[PDB]
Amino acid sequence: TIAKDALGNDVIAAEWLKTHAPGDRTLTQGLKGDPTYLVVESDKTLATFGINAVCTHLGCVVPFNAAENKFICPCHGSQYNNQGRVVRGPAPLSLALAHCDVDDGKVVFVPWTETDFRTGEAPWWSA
């Protein structure tokens, strides 16, 4: 699915990288409309995966805390590292992933069913 920014515009990779500083984590509309983080890597390239921002506890949207490099849920305090791996409950699972690719200049999110690269476990979201 083509990623859309907060204003409803398709995310055009080359343009996104001009206005989003390296290390940036900004929410976009991802698979099934779920808020998904598009991340600009250290070397000024888009990360190859998107992080679904829907908390695994009750579904609040988790913001990124740049100071601590953690996504911290304002609803009940669940914490996740910078790759979305769960670090503190009540959420029992890591934030879901999506593959991030570019098609005809547009950023597209695609389902992630391969091994959860963060732990070696099968993705819990793809069954």
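Each residue number is its position in the shown sequence, starting from 1.
Student: Please compare 86-94 with 25-33 and say which has the higher mean C-alpha temperature factor in the record.
Tutor: Looking at the recorded C-alpha B-factors, 25-33 comes out higher on average.
Student: Highest mean C-alpha temperature factor of the two stretches 51-59 and 95-103, which is it?
Tutor: Comparing averages over the C-alpha atoms only gives 95-103.
Student: What third of the chain, by the recorded C-alpha B-factor, contains residue 16?
Tutor: According to the entry, residue 16 has a C-alpha B-factor in the chain's highest third.
Student: Quick check for you: using the entry's CA B-factors within this chain, is residue 38 in the lowest, middle or highest third?
Tutor: Middle third by C-alpha B-factor.
Student: Sorting the chain's modelled residues by C-alpha B-factor, tell me whether residue 79 ends up in the lowest, middle or highest third.
Tutor: Residue 79: CA B-factor falls in the lowest third of its chain.
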